[PDB]
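Engineer: how would this look folded up:
(chains A, B, C, D, E and F)
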Amino acid sequence: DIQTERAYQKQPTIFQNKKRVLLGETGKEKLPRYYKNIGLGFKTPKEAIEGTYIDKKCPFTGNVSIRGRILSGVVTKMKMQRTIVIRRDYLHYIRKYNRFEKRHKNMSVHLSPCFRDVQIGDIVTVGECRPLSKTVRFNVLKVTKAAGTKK
Amino acid sequence: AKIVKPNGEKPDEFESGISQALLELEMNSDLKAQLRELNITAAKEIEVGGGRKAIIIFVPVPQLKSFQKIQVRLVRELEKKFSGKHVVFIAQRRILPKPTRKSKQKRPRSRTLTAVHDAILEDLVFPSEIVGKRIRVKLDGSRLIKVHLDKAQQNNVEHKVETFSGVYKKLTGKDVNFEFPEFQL
Amino acid sequence: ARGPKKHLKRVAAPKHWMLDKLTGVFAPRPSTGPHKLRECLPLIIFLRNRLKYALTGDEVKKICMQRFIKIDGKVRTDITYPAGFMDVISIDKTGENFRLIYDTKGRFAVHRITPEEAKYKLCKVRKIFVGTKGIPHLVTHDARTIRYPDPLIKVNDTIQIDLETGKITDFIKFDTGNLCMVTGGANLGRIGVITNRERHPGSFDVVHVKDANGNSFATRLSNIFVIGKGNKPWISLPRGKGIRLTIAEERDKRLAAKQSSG
Amino acid sequence: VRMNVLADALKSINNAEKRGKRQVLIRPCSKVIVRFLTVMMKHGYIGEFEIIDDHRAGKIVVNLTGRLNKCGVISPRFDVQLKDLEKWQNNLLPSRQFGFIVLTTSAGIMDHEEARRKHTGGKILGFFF
Amino acid sequence: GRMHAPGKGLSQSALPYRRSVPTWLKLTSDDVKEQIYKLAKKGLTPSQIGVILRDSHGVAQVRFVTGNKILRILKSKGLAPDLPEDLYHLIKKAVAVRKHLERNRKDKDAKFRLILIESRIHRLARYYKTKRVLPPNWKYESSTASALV
RNA sequence: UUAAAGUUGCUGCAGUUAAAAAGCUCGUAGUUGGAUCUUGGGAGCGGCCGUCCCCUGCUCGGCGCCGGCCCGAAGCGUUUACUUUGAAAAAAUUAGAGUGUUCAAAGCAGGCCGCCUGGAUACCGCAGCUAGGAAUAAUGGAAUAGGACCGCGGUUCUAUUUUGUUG
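Structural biologist: Numbers count the residues shown, from 1 in each chain, chains lettered A, B, ... in the order given. Shown next is the structure:
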């Protein structure tokens, strides 16, 4: 499932190549995991702790720093791999005609693979990080489900 | 004894005496087979404007329909064992506050305060079913509800409308008057 | 541009430098120093427009080549040396010392001090640095690197240095209930007591300072400055004692003084 | 369809006072309608009214006097502040000595002098003079 | 007025303000529930169940003699139809007008009414997709018209 | 080019006959959407009423006492708009304080016989941060009950002041 690619994927902090004694079972073949806390009152999911995936652009299990602005939005498409696109909606004011303006603009957000129950139409909270690509400047921190889906 | 409270506290002298009085009232009558599971929760003693008194008796909701068809008798064994104390039956109901954003199940709309007040008013007197309701809002800003009752069984309710107004002003606080319309039926 | 900016116009100057508008096209840009470009007071404008010792910009550089002006006890020959907040200016010839404390309005004001007050100077530490082989360092707001303080020094608390040796004598802990100085922004030059501090993670923290007469205001945490333990200061306050009285009360006291003077 | 019960209510009471009637019926009810007539009743522009408590939506029998001139509704409910209320009062009241602006603030629904006293703003409903 | 007609009609029921069980009714809730179960095993739409119960058994409404409405008991027992009543009748009317229009190619009025029936079917389908009653993949076509009764 | 122009009308225009309702209907985007969820008082004050105190809950510690009372805190309570306050928001220009450039446009000076001082204040559309209210408008619960509380039964890793110096 992992290392389906010509370049090896590994975490650059945990040394996985220590010396073993009995060279078998009974307390071994359990890889240690590296994680960290983002802060700002956020919670690290257990799927990023007990997970097995390798991703350097993950905010929790990776070399990604979170600072700056905190936003929110609703997703539209999951087509490109490991990055999603969300839609943000806001009300603009016009000074001449004393009314309001509903407009939108969308942005590309990197999605960590620790969320696997994500679907169309749920409100997600994103955070500012480093420029990871040309159009990618945000990362997914927590996911709140949409209205309904009781079963 | 016959009194059962939802909370573990000891009742006073008055409601214990009313529970005992109804205990011999169901003992000496032919209704002992019809009150085996029918109990009392709480009772009070308040006053009405004038030279009369009143008593209120609380009944739980899922046994209320048992007491609806026995109330037409039970009240006048209570005035034939008392001197002149008029006896009414009401159904108890818990009230919940509106959940604000400053402060969990969704509160069902049966616990709505206006619905509780409406249920208290309609179940306060059973045989005179309500056929009309108007609200007088006088120039001081206060509300004065007037409630129209049934044309039938008028004679055995008209002597207790002052007691109904007194107990509704005591439990809730609304000036409620009663009228008997004759136009419709 | 193609490099660093080097000139400075008259109206590009900050308002607290507070010059006129028609005497030239250029204003004195200060040289690089311990303070920022915006909140500093150059030597040339001070000697030319505050004490009125000199009238022309060649006379002040003649003073600086005559070696009569010392900032923090060392002779400064720079004519545009930025003398910022909480600095002592000592003149060896006439024998008076000046300390720059903001008054009740947003500008620098003269404050004649005793020589016994003129041997120390307060500083605010910006960050704590641990050195090569575990040397505790200092980063003050006046760019003074001090080695090995007392180990109770934190990010926000202020220190007292001795001008001759450059070492800590005593420090004031940043707690709620200490005397306050505000430097920067709108509320600039008000004496009060720190009451409440709230933490905002990911953004700037804001404090709440209550003045002696009961007035309260809020400033950012980066623009705070502690001057005293409790309500007792460690320096000499200027006139007015940092109140920021309203313009109606200022009008009342000005008309009362004018009526009494006659 | 019916998209604003309050505009229809105030139009109906305006037509009733313009013809010269004494009692009128308003087909729907709302809490905001009862607050609006409570403001005009406290200010003495309408008489003592009633609520026909029927199980659909209350019908309101308002006693009409000759003290009313015009009742109007601004649609939609425009946001108004303390600094922007004077323009509304200038171009919408007939005079500075009488007339009231009914605006919904967070502390209830009442006239604009009381909201000036409590220093609060909100959304405008209508006017009467 | 109407939704695809110029008429403005006022003809519907008017339930009284009184909301109590009358004294002449000598029935319980379980008896009328059993009657609903038997008449639903007879296989009839819930509206006409209400018609027959009101006509024969003297009950005004089930919801004033039982604490809940008739389709809710029909779903609680587990014999309510999967498709709603009005949607099923609209699809049946669409099937009828399409079967009429196969043998009559020149009936333009029937084609216009078929357009109106299809529009009302779509507008009800949007609401039933919104309220999570019907699956999102259910689509209305002519070829699925005869397949879905 | 602006006002005049209510002849570009958001405030604030007109469409039977003067300029102007698509031949008619369906229909996606857009805009707008019925009613209803907590109402009422108390101890006071001046001769029925204005202002004011009250109708949010579980791990640490000081205005105070003899493990018991209360108060205060590192940490938490559905989110939006709107409403009010606070921070930051360059100067000049605009309003505007003081001031006999002979007055004034201008300037920031100047006045007392070494001294006293000014060189303010306000606005800065929207968007971003923060704290009081929840009226107004939209979103949500629990209904095929894995619904909310309460004491009881098991599947795994570990807190060392707690099994005499050491396996």
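
Engineer: Can you identify each of the helices in chain C by residue range?
Structural biologist: Per DSSP state H, chain C carries helices over the ranges C:43-49, C:57-65, C:247-261.

Engineer: which SS state does residue A:88 fall under?
Structural biologist: strand (DSSP: H, G, I helix; E, B strand; the rest coil).

Engineer: Give me the neighbour count for it.
Structural biologist: 13 (other Cβ atoms under 10 Å in any protein chain shown). Where C-beta positions appear, they are placed from N, C-alpha and C, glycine not excepted.

Engineer: Skipping adjacent residues, who's closest to it in space?
Structural biologist: residue A:73 (4.5 Å; Cβ to Cβ, 6 or more residues apart in numbering or on different chains).

Engineer: Give me the buried positions along whichever strand or helix holds that neighbour.
Structural biologist: When secondary structure is defined by DSSP states H and E, residue A:73 falls within strand A:70-77. Neighbour-count burial for strand A:70-77, counted by 16 or more other Cβ atoms under 10 Å in any protein chain shown, picks out A:73, A:75.

Engineer: Identify, out of the helices of chain C, the most deeply packed stretch.
Structural biologist: Comparing those by mean neighbour count (mean count of other Cβ atoms under 10 Å in any protein chain shown), helix C:43-49 ranks first with a mean of 20.

Engineer: I'd guessed residue A:86 sits against residue A:77; true?
Structural biologist: No - contact criterion Cβ atoms under 8 Å: residue A:86 and residue A:77 do not qualify, at 9.4 Å.

Engineer: the domain parsing of chain D - what is it?
Structural biologist: Using curated CATH domains, the domain parsing of chain D gives D:1-68, D:69-129.

Engineer: Of all those domains, which one comes closest to residue C:219?
Structural biologist: Smallest distance to residue C:219 across the domains of chain D (Cβ to Cβ): 24.9 Å, for domain D:69-129.

Engineer: In chain D, mark out all the strands, start to finish.
Structural biologist: With strands called from DSSP state E, chain D shows them at D:23-26, D:50-52, D:60-63, D:71-73, D:79-80, D:100-105, D:108-110, D:122-128.

Engineer: chain center to the third one, what's the gap?
Structural biologist: If I follow you right, that is strand D:60-63. 14 Å (Cα atoms, centre = their mean, to the nearest Å).

Engineer: Likewise for the longest one?
Structural biologist: On the basis of Cα atoms, centre = their mean, strand D:122-128 sits 7 Å off its chain's mean C-alpha point.

Engineer: close to chain A, is that strand?
Structural biologist: No - against chain A, strand D:122-128 shows no contacts by Cβ under 8 Å from any Cβ of the partner chain, the least distance being 11.5 Å.

Engineer: Which positions within that strand qualify as buried?
Structural biologist: D:122, D:124, D:125, D:126, D:127, D:128.

Engineer: for stretch D:17-34, same thing?
Structural biologist: Going by 16+ other Cβ under 10 Å, stretch D:17-34 has these buried residues: D:17, D:24, D:26, D:29, D:33, D:34.

Engineer: Provide the contact partners of it at residue level.
Structural biologist: Around stretch D:17-34, the neighbours that count as contacts under Cβ atoms under 8 Å, 6 or more residues apart in numbering or on different chains are D:2, D:5-6, D:8-9, D:12-13, D:16, D:51-52, D:57-64, D:66, D:68, D:71, D:104, D:109, D:125.

Engineer: hang on, the earlier thing: closest to residue C:112 among the buried residues of stretch D:17-34?
Structural biologist: Taking Cβ to Cβ as the measure, residue D:34 is the one of the buried residues of stretch D:17-34 closest to residue C:112, at 71.7 Å.

Engineer: could I get the helices of chain C as a markdown table with distance to chain D?
Structural biologist: As requested, the helices of chain C are exported to a markdown table (distance: least, Cβ to the nearest Cβ, whole Å):
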| stretch | distance to chain D |
| --- | --- |
| helix C:43-49 | 40 |
| helix C:57-65 | 48 |
| helix C:247-261 | 20 |
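
Engineer: Kindly reformat the ones you listed as a markdown table containing distance to residue B:28.
Structural biologist: Shown next, in a markdown table, are these (distance: least, Cβ to Cβ, whole Å):
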| stretch | distance to residue B:28 |
| --- | --- |
| helix C:43-49 | 109 |
| helix C:57-65 | 118 |
| helix C:247-261 | 87 |
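
Engineer: can you put the buried residues of strand D:122-128 in a markdown table and add distance to residue C:219?
Structural biologist: What follows is the buried residues of strand D:122-128, written out as a markdown table (distance: Cβ to Cβ, whole Å):
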| residue | distance to residue C:219 |
| --- | --- |
| D:122 | 32 |
| D:124 | 37 |
| D:125 | 41 |
| D:126 | 44 |
| D:127 | 44 |
| D:128 | 47 |
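
Engineer: Of the helices of chain C, which is nearest RNA strand F?
Structural biologist: Closest approach to RNA strand F among those is made by helix C:247-261 (4.6 Å; Cβ to the nearest atom of the strand).

Engineer: The closest one and RNA strand F in contact?
Structural biologist: Yes - using Cβ under 7 Å from any atom of the strand, we find that helix C:247-261 touches RNA strand F at C:247, C:251, C:261.

Engineer: Let me have those in a markdown table, adding distance to residue C:63 as columns.
Structural biologist: A markdown table is the format used below for the residues of helix C:247-261 next to RNA strand F (distance: Cβ to Cβ, whole Å):
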| residue | distance to residue C:63 |
| --- | --- |
| C:247 | 38 |
| C:251 | 39 |
| C:261 | 35 |
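
Engineer: Looking at chain E, which residue reaches furthest from the middle?
Structural biologist: Note on chain E: the largest C-alpha distance from the chain mean falls to residue E:106, namely 31.9 Å (Cα atoms, centre = their mean).

Engineer: Counting neighbours, which bits of the longest helix seen in chain D end up buried?
Structural biologist: Looking across chain D with DSSP H, the single longest helix is helix D:5-19. Neighbour counts over helix D:5-19 (16+ other Cβ under 10 Å) mark D:5, D:6, D:7, D:9, D:10, D:12, D:13, D:14, D:16, D:17 as buried.

Engineer: what number of residues lie near residue B:147?
Structural biologist: Around residue B:147 there are 23 residues (other Cβ under 10 Å).

Engineer: list the contacts for it?
Structural biologist: B:121, B:130, B:132, B:133, B:176, B:177, B:178, B:179.
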